[PDB]
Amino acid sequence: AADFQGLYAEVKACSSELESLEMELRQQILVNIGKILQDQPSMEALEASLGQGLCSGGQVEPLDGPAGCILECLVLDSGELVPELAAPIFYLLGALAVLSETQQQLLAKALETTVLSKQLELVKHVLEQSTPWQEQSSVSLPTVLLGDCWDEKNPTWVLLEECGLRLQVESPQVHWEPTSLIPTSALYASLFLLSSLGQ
């Protein structure tokens, strides 16, 4: 029953308040998400602080390092969370947690460059083009988004292979399997929300 319309609507709705966040706080969050993507205990610490703050409504205790730089953007001066900002960040952290360490590290690298939009466009294409998701099928990828060298060393290849997708060099490059829906959906949600912060 899941489809791309449902996935897009959910991620789009979750993104609204990040896209309308002021530029300076968006960049502070995004740069520091890039650092905690390389430091899983920091992501878990941030998730623990935001989850308890969202559900309790109480004062949130400051964190150290890059996780703390993110949290500072999400709290009032009294220390309670701004729920409209903490909730989408918690949703993003939940999506990132679905992904493997390898994918998390690749996302951290992509943030710094134009690569992020291209990977979002590619993952969106895989999900749109593989409708109906419950049928195994082949998907062609636009060669222009694949970079200079398309093979098992390419970051987009690894990102997709880590979703459980079987990949090959020649078109159609992606073999879609329904069991890859959950990780690929999380990868899309992650790229989409990271892109909404980077605009």
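Note that residue numbering follows the sequence shown and begins at 1.
Trainee: Regarding 110 to 118 and 85 to 93, which shows the higher C-alpha temperature factor on average in the entry?
Mentor: Comparing 110 to 118 with 85 to 93, the higher mean C-alpha B-factor belongs to 110 to 118.
Trainee: Tell me which of 6 to 14 and 172 to 180 has the higher mean C-alpha B-factor in the deposited entry.
Mentor: Per the PDB entry, the higher value belongs to 172 to 180.
Trainee: Select one of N32, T131, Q59, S138: the residue whose C-alpha shows the highest B-factor in the crystal structure entry.
Mentor: Max CA B-factor in the entry, restricted to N32, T131, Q59, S138: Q59.
Trainee: Looking at the C-alpha B-factor values in the deposited entry, which of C163, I36, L46, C149 comes out highest?
Mentor: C149 has the highest C-alpha B-factor of those listed.
Trainee: Please say which third, lowest, middle or highest, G53 falls into when its CA temperature factor is compared across its chain.
Mentor: Middle third.
Trainee: Per the entry's values, where does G65 land by CA temperature factor relative to the rest of its chain, in the lowest, middle or highest third?
Mentor: Middle third, going by the recorded CA B-factors of the chain.
Trainee: What third of its chain's C-alpha B-factors does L76 belong to: lowest, middle or highest?
Mentor: Highest third.
Trainee: When the deposited Cα B-factors of this chain's modelled residues are ordered and cut into thirds, is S100 in the lowest, the middle or the highest one?
Mentor: Middle third, going by the recorded CA B-factors of the chain.
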